[PDB]
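Beneath this line is the structure, given in structure tokens, with notes to follow.
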Amino acid sequence: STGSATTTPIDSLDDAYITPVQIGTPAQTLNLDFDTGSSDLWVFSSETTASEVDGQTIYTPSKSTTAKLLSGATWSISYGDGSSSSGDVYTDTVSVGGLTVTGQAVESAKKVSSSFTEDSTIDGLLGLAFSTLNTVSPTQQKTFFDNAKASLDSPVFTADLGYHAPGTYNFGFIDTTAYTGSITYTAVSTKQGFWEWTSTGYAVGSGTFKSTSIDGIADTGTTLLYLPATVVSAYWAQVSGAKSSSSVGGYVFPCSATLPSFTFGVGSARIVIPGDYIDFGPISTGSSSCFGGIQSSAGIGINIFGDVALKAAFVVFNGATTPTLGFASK
């Protein structure tokens, strides 16, 4: 089997991407944030504290003839950005782009943090990291991909995120029309539960390529590109007037600037992030100070190849017995 679904930016900045997901019988379609940095499929629901729902579409398990309470199971998750959610668990039928899993754990939120409430466009998350990170207790549950894998034509999914435009998540096949050149595959460590890999270096604009190993994670659920402070300083030094602002929380730059591109290495291959992908717009409405899309990972504890990086590539998440990651230009 295979599946193919369009993923759409939630706003004009590509702050996140939402993908429609069918849950239950009859189907209830929710727009979920596909997150290769976590491993829980959780949704706003009829059980979510009413004051914490503000415009989201909810899953109502009592209206699904295939929903079953997973007795005694609870979940609770905290994300890198400080947001969180928790609740109980149902199993139900879940379909993405025509690919159906029966008995998928659907984690129903009883509580969500303010950032989730305040984002009316995201009805929940669909985790695509390794199932070892799943938070369901006392019996850990599998991700949608893990459940689907054996049925797929090939044990893979691909992320093809757009810049200020829709893109695609495919399951079970590689669309050879969706990228240019070849796909370069690189090793993955699953030790921390992430799609963790090592970039071979970087360049800023038309500058020379610096060969240096940068361990980090391919994370569709993180907006920006978080890299070591040395790398980030080298980038922003090429933008007149750019500075790190403790008050704002990262590098900012004059909105009048033209940003240089940023290149990262995948083996001997190179992925080029155009400068415009690194512009996250005014820090507040009407400001002429703009927020940068490349930020320091110092104090995160891990480098993160988030959407800024991934949307410059066609990315293969290869879930073979020994997982690997593939990157192509597009």
### Query
At q = 0.08, 0.11, 0.13 Å⁻¹, what log₁₀ I(q)/I(0) does a Debye calculation on the Cα points of the chain give, no solvent, two decimals?
-0.36, -0.69, -0.96
## Note on the structure
The alpha-carbon center of the stretch 21-96 and that of the stretch 240-270 are separated, in whole Å, by 36
### Message
Placing unit charges on C-beta atoms (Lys and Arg positive, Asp and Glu negative, everything else neutral), compute the dipole magnitude of the stretch 5-174 about its Cα centre in debye, rounded to 20.
### Response
660
### Query
Between residue 84 and residue 29, what is the label-to-label distance in nm when each label sits 7 Å out along the Cα-to-Cβ direction?
3.5
### Task
Add +1 for every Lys or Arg and -1 for every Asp or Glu among the other residues with Cβ under 10 Å from the Cβ of residue 135, and state the total.
-2
### Message
What distance in nm separates the two pseudo spin-label positions at residue 298 and residue 50, each 7 Å out from Cα along the beta-carbon direction?
### Response
4.9
### Alpha carbon convex hull of the stretch 251-310, volume per residue in cubic angstrom
91
### Message
How large is the direction-averaged shadow of the alpha-carbon convex hull of the stretch 149-209, in nm²?
### Response
6.7
#### Entry: Two-decimal log10 I(q)/I(0) for the stretch 84-216, as the Debye equation yields it once each C-alpha is a single scatterer, q = 0.11, 0.18 Å⁻¹
-0.58, -1.30
### Message
With a 10 Å cut-off between alpha carbons and a GNM built on the chain, which of 108, 284, 247 moves the most?
### Response
247
### Message
With equal scatterers on the alpha carbons only and no solvent term, can you work out the Debye log10 of I(q)/I(0) for the stretch 87-142 at 0.13, 0.23, 0.25 1/Å?
### Response
-0.39, -1.13, -1.22
### Query
Taking only DSSP H segments of four or more residues, each worth -39500 (n - 2.57), what value at 222 nm results for the chain once the sum is divided by all its residues, to the nearest 500 deg cm²/dmol?
-1500 deg cm²/dmol
#### Entry: Added length on full extension, which subtracts the Cα-Cα distance from 0.36 nm per residue, residue 12 to residue 189
60.3 nm
### Message
Can you compute the FRET efficiency between residue 151 and residue 60 using 1/(1 + (r/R0)^6), with r the Cβ-Cβ distance and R0 = 22 Å? Round to the nearest 0.05.
### Response
0.20
### Message
Check which residues have an amide H placed less than 5 Å from residue 303's amide H, if you skip close sequence neighbours.
### Response
217
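No lab work stands behind these numbers, since they all come straight from the coordinates. Neighbour counts are summed over all protein chains in view; Cβ atoms, including those assigned to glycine, are modelled from backbone coordinates with ideal geometry.
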